[PDB]
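Q: Can you look at this? It's an experimental structure, sequence on top.
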Number of protein chains: 2
Amino acid sequence: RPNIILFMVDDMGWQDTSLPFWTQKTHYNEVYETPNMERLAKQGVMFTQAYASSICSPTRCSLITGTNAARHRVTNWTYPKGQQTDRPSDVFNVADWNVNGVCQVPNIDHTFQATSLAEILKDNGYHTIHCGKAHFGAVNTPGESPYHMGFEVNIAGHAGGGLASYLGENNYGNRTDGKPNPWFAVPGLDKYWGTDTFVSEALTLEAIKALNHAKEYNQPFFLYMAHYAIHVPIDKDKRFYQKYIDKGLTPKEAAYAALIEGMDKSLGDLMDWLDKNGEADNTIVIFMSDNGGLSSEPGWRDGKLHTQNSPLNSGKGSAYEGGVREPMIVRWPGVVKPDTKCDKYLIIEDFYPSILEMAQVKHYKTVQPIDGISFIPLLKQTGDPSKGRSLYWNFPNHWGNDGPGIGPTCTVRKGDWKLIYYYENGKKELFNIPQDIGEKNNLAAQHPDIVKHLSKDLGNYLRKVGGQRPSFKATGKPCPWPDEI
Amino acid sequence: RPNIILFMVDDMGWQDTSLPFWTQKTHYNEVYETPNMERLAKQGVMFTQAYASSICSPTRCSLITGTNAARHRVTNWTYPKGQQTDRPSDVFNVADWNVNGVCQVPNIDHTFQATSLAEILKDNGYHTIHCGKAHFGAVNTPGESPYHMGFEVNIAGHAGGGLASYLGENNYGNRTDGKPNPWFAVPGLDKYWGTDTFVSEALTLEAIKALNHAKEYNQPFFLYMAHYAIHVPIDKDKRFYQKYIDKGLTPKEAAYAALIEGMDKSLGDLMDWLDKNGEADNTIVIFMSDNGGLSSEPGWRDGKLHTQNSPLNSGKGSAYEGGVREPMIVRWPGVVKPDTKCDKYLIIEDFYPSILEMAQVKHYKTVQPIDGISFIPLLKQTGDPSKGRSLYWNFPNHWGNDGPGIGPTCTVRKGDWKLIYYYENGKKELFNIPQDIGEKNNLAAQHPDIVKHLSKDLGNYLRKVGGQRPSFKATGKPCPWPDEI
Ligand SMILES: [Ca+2]
Ligand SMILES: [Ca+2]
C-alpha cells in the first residue's frame, strides 16, 4: 500500500509555473522557475484541464468531503463564526450558505456534516499528517481542527485561510505583546519566530520532521502538504527576489515569482527526502492548486488587469477558466506512464474517491453522498470519466473585487460547452472551451439549443443536490434558476 | 448526553487522601488534605473496593482498551521502543510481553491492537480531550500519541510515564542549551518554563482553556484529566510544603502531602469551572488512581517501609491490596445518590464499557474482546456485576524493587477469597480480604479445597485469554501455571 502525498498550493494559477500546461510556452512560463514541477512531470502525468472552484473554501471542502460545492454550500471563504464574509451588494442578498464550513459531527449550525477523507484513511491504517493551510471550518467550530478532521499530526493548520505574513521576522503575524493576534497568524512555528525562515521553508522543515517520524511506524502515510504559499500578502522571499529583478520583472511580479520558486523548492525538498529515504517508488505524489491566480487586484500584480493567468480569462473568484483551471501532476511509479499528458477533464471532488482507491479502501461508509468520480481510469489509461460528464459550479455569493466572470454565478461544463449563468441580471454566456480557451467569444446567441439544454442540466442539478441561489433586495424574490428565464 | 471527566491520579494510594475509604479514619486521613475529594464524595458515591493493576502501564492500557492486563500483555511499564524495562534476573526470563504498548493499527511489532475508548466516544460525537500522563505506547510507536488513540486535543501527553521535574523553574525537565532531552521531560507547557508554576497547576490551567474552547462546540466532551502527580521525584510544592512541616511531618512526608493537596486543588478547580459555566448538572466526574502508592523506597517515604498504604499491605508493584486497591469516586447528578458508598468490587478494564454506557453509546464494535464489565448497575443500584465474578491480575515480569507481594505473580480474587501465585518458586498465598485487609494471615493450609479451585480458575483464564508466564533459566522450561503445582 503506497504512501500518498497531496501537495496543494494556494491560489496558484494554470500558468504560475515554468511547466507549460498549454500547447506552447507562455510569457509566464518563460520567467517563472519551477524545476521540481518539471522533474515531477517527467516522472508522471500532467492534467491540462483539471478543475477546482474559484475560491479556497468551496474547493478544499469538496476535497475533504468529496461533495460538489453546490451541495455542501461552503461556497465562499470562511473564518468568522456565524457570519457571512460576502461583500455587500446593493442588488442581491447572498445565499444562506454554510458560513462555518464542514465537520464530522451533527448539529453544528451552518455546517455540512461529512465523513472526512482523512478519517477514512486513518481508520483504514494510514498515518495522517496535515501541514499548512487547513481552512475547513470557521473559528470555534469543530472543523477548525485538522485533528477533528482525522489528521493524527497537525502542523500550522487552523481555521485561517490566509496568513498575516511569510516572514519569520514578523513571527508570521504572531504578537509578542498582549496584543490580540490577527486571524491569520500562523500557529505552530513558534520555534522560527524572529529568525529569517520564510514560512514556506518552515512548513517544509516541519513536514520533513513529520515524515522522518512516520518512518518509525509500520503503516503507510498520507501527507497533506497544503502551502499558504502565494496567497496574499506577497511578501518578498529574499532567497530569490533579486534574481527576478535582475530578470527585468517589476517588484510586484518579482515578489510573486519568488513565492512560486519557494513553493517549488518545497516540492523538491520533499522529493529529495523520498529519494534519500527509499520511499520514492512506493509513494504517490499529487500536485494541485485550489483556485486560479489572483488577477483582480492591481496592488499585487502588474500587467493588464485580469490577464495574469494568460491565455485564460480572469482568475481567482471568477467562473472563467482563469479562476477554476488548475495545474495538476500525479506521479505513481509502476502505474502511471512517466512524461505523459492527459487532457480529459476532472474536478476537485474527484480527489476524494480517487485517493481512497489509491489507498486500497473499498466500500467505505460515509454519512454524505459522494459526488466525486474516481479518475484512476485516466491515471491507468483504461477509461474516460469525462465522457458525457457534466461539471458544476455554484457561487451564490459576493467576493471582494470586480471583474470578468466574477459575481454570483453558476456554471455547467459538458463536453466542449461551458454555460455560465449570472444570477444578478439573468445573463448567459456560452463558450466552446477547446476553440476559445480565453473565453473571448460568447456563442449564446448562435446556439440557443445548447443554451436551453445546458440550463436545464444546471438547474436540475442545483435543485437536486440542494444548491442555493441569491435573492433580490428590491422584491424579496429569489433570483431565477438558469432554466427559469 | 452528559459530559464526562475522568480524573486519574498517578501512583496514588488507597489512603493518600483525607477522605476515609476504610471503615475507620486512619492517621494518613488525619494528616492529608483533600477537601475537594470530600466535597465530590458528599455529592456522589465512593467505591471502597476498586482495583487497578499494580503498575501504570497495565492499568492505563486496560482502561483505554477494555481488556484485562493478562490479555493485552502490556504487563510492566513501557517507554523504550522494542526493549524490556524489566530488572534482570539470574533465576528467570520474563514473558515476551508487549513492551511497545497498545495502538489502534495492526502489524506494530510488540503491541496489542485495540479499538480505543476515545475513538468510540469521538466517533459517536464527543469532543475528546487528553491532559497529562498518557503512557499508552512506547516512544516512536503509534500509541505514543493521544491523537492516534482518538483524542482531538492533547495537552502534555506522550510516551513518558514519569516526569523529570514538577518545577516550571526546571522547565519540567526540558533542556534549552543543546539537544539531549530526558525521556520524561513534559511537553506542551513551554509558556510556563522559567515560572514558578507547579506542573499540576499548569495542567489544570491548560485543561481549563481546553474546556472553555469546548463550550464553543455544540457537542458533549470527554476530558481525560490524567495527572503526573503524585509520581516520583517528590518535588516540593512551596504552596503547601511548609504547612505540613508545621503540622509536624518529616520533610519527605511533607513533600508527599503537598503533592496530594495540589492534585486536590486541581480537582477543585475543575469542579468550580463546572459550577461557574453551568455544566455541573450534566457532567459525570470519575475520580480514580492507577495503582498503589510507592512504598518500596525509603529515600522518598518515611515510616515503616512497605506500610505507606496502611492498613493495606505494601504498595506499588505488589499484588497485595496496597498495590491494587484505588480510591474511586463518581458524581453523576440525578443518577447517583449523593454521599453513598459501594462495597462491590470492580476492576479498571470495567471503566471502558461503563464510560461508553454513560455516553449512551448503545452499540459499538471493537477489534479486541472487551473483558471489562459495566459497573453502571452499581451506580444505579439495579444489579451486581460483582456476584460470582472472578478478578484477575498477571505480572510475569520483574519490577525494579523487592517487597511484600512484589515479583512475578498472577492473582485471582473471587468473593471473599484472593489467591496469589508466585512464579519464582510456586508459593501460593490465600487471604480472606474482608477478614484480613492487611493480608497478614495466609490461609492456604487451612483451605486446600479453595487453593486448588482458585488455582484452576486462574490457570484456565490465563490460558484462555492468551496470558503469559516467565520461564526458568536452569531448565529453560516455562514456570508452572498455578494449576500445575
Ligand atoms: Ca485558494
Ligand atoms: Ca502509576
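A: Now that the structure is in, tell me what you want to look at. Numbers count the residues shown, from 1 in each chain, chains lettered A, B, ... in the order given. Ligands and ions are numbered 1, 2, ... in the order given.
Q: Tell me if I'm right that residue A:10 and residue A:227 touch.
A: Yes - at 5.9 Å, residue A:10 counts as touching residue A:227 under the criterion of C-beta atoms under 8 Å. The C-beta positions use only the backbone N, C-alpha and C, and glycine is treated the same way.
Q: what residues does stretch A:87-95 touch?
A: Among residues not part of stretch A:87-95, those counted as contacts by C-beta atoms under 8 Å, 6 or more residues apart in numbering or on different chains are A:73, A:75-76, A:84, A:86, A:396-400, A:408, A:423-424, A:468-474, A:479.
Q: Recalculate using a threshold of 7 Å.
A: For stretch A:87-95, the external contacting residues (C-beta atoms under 7 Å, 6 or more residues apart in numbering or on different chains) are A:84, A:86, A:396-400, A:408, A:423-424, A:468-473, A:479.
Q: shared neighbours, residue A:10 and residue A:227?
A: By C-beta under 7 Å, 6+ apart, the residues touching both residue A:10 and residue A:227 are residue A:133.
Q: ok, residue A:261 to residue A:237 distance?
A: In this structure, residue A:261 and residue A:237 are 8 Å apart, going by C-beta to C-beta, to the nearest Å.
Q: do residue A:333 as well
A: As for residue A:333, its distance to residue A:237 is 31 Å (criterion: C-beta to C-beta).
Q: wait, doesn't residue A:330 sit right on residue A:337?
A: No - with contact defined as C-beta atoms under 7 Å, residue A:330 does not reach residue A:337; the gap is 10.9 Å.
Q: Neighbour count: the two, which is higher?
A: Each of residue A:330 and residue A:337 had its neighbours counted (other C-beta atoms under 10 Å in any protein chain shown), and the higher figure belongs to residue A:330 (25 against 12).
Q: Please, which helix or strand holds the more buried one?
A: For residue A:330, the host element (DSSP states H and E) is strand A:325-331.
Q: Equivalent analysis for residue A:57, please.
A: When secondary structure is defined using DSSP H and E, the element that contains residue A:57 is helix A:56-65.
Q: Show me what that helix is packed against.
A: Taking 3 or more C-beta pairs under 7 Å, 6 or more residues apart in numbering or on different chains; DSSP states H and E as contact, the helices and strands that helix A:56-65 lies on are helix A:69-72, strand A:102-103, helix A:351-358.
Q: contacts for stretch A:322-333?
A: Applying C-beta under 7 Å, 6+ apart, the set of residues contacting stretch A:322-333 is A:12-14, A:17, A:21, A:37, A:40-41, A:43-47, A:49-54, A:281, A:284-289, A:291-292, A:295, A:309, A:312-317, A:336, A:379, A:393, A:405.
Q: Let me see the contact set for the residue nearest the centre of chain A.
A: In chain A, the residue lying closest to the centroid (C-alpha atoms, centre = their mean) is residue A:290, at 1.0 Å. Listed by C-beta under 7 Å, 6+ apart, the contact partners of residue A:290 are A:8, A:10, A:52, A:56, A:59-60.
Q: Surely residue A:197 and residue A:167 touch.
A: No - the pair formed by residue A:197 and residue A:167 falls short of the contact definition of C-beta under 7 Å, at 8.8 Å.
Q: Identify the residue nearest residue A:297 in space, chain neighbours excluded?
A: residue A:401 (5.9 Å; C-beta to C-beta, 6 or more residues apart in numbering or on different chains).
Q: Go ahead and report the secondary structure state at the residue lying closest to residue A:250 once chain neighbours are set aside.
A: Sequence neighbours aside, residue A:302 is the residue nearest to residue A:250 in space, at 4.6 Å (criterion: C-beta to C-beta, 6+ apart). At residue A:302, secondary structure determined by DSSP: H, G, I helix; E, B strand; the rest coil is coil.
Q: Distance of the residue of chain A found nearest ligand 1 relative to residue B:47?
A: When distances are taken as C-beta to the ion, chain A reaches nearest to ligand 1 at residue A:56, 3.4 Å away. Spatial separation of residue A:56 from residue B:47 under the definition C-beta to C-beta is 52 Å.
Q: what's the overlap in contacts for residue A:330 and residue A:337?
A: Shared contacts of residue A:330 and residue A:337, defined by C-beta under 7 Å, 6+ apart, comprise residue A:45.
Q: ok, back up a step: can I get the buried part of the contacts of stretch A:87-95 as one PyMOL selection?
A: In PyMOL syntax, the buried subset of these is picked out as below (16 or more other C-beta atoms under 10 Å in any protein chain shown):
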select buried, chain A and resi 84+86+396+397+398+399+408+423+468+469+470+471+479
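Q: Are the longest helix belonging to chain A and ligand 1 in contact anywhere?
A: Using DSSP state H to define each element, chain A has its longest helix at helix A:251-276. No - applying C-beta under 5 Å from the ion, one finds helix A:251-276 out of contact with ligand 1, separated by at least 12.9 Å.
Q: Next, the buried residues of that helix.
A: The neighbour-count criterion (16+ other C-beta under 10 Å) identifies A:253-271, A:273-274 as the buried residues of helix A:251-276.
Q: From the chain's centroid, how far away is stretch A:173-193?
A: 25 Å (C-alpha atoms, centre = their mean, to the nearest Å).
Q: Let me fix that, I meant to ask about stretch A:280-298.
A: The chain centroid and the centroid of stretch A:280-298 are separated by 7 Å under C-alpha atoms, centre = their mean.
Q: now do the same end-to-end measure for that stretch.
A: Terminal residues of stretch A:280-298 are spaced 41 Å apart (C-alpha to C-alpha, to the nearest Å).
Q: before we move on, what about stretch A:69-76?
A: In stretch A:69-76, first residue to last residue: 10 Å (C-alpha to C-alpha).
Q: Please list the outside residues in contact with it.
A: Looking at stretch A:69-76 with C-beta under 7 Å, 6+ apart, the contacting residues turn out to be A:53, A:55, A:57-58, A:61-62, A:65, A:85-86, A:97-98, A:101-102, A:112, A:371, A:392-397, A:399, A:462, A:465-468.
Q: Drop anything exposed from those.
A: Neighbour-count burial (16+ other C-beta under 10 Å) is assigned, among the contacts of stretch A:69-76, to A:53, A:55, A:57-58, A:61-62, A:65, A:85-86, A:97-98, A:101-102, A:112, A:371, A:392-397, A:399, A:462, A:465, A:467-468.
Q: Give me the neighbour count for the nearest residue to residue A:206 once chain neighbours are set aside.
A: When the adjacent residues along the chain are set aside, residue A:206 lies closest to residue A:155, with 4.5 Å between them (C-beta to C-beta, 6+ apart). Here the number of neighbours of residue A:155 (other C-beta under 10 Å) works out to 24.
Q: got a list of what residue A:155 touches?
A: A:130-132, A:188, A:203, A:206-207, A:210.
Q: Of those, which qualify as buried by neighbour count?
A: Taking 16+ other C-beta under 10 Å as the criterion, what is buried in the contacts of residue A:155 is A:130-132, A:188, A:203, A:206-207, A:210.
Q: between those residues, which is closest to residue A:454?
A: residue A:132 (37.1 Å; C-beta to C-beta).
Q: what residues are up against that closest one?
A: A:155-157, A:203, A:225-228.
Q: The closest residue to chain B within the stretch 151-300 of chain A: what's it in contact with?
A: Closest to chain B within the stretch 151-300 of chain A is residue A:216: 4.0 Å, counting by C-beta to the nearest C-beta. With contacts defined as C-beta under 7 Å, 6+ apart, the neighbours of residue A:216 are residue B:140.
Q: Around ligand 1, pick out the residues from the stretch 51-200 of chain A.
A: Residues of the stretch 51-200 of chain A lying close to ligand 1 by C-beta under 5 Å from the ion are residue A:56.
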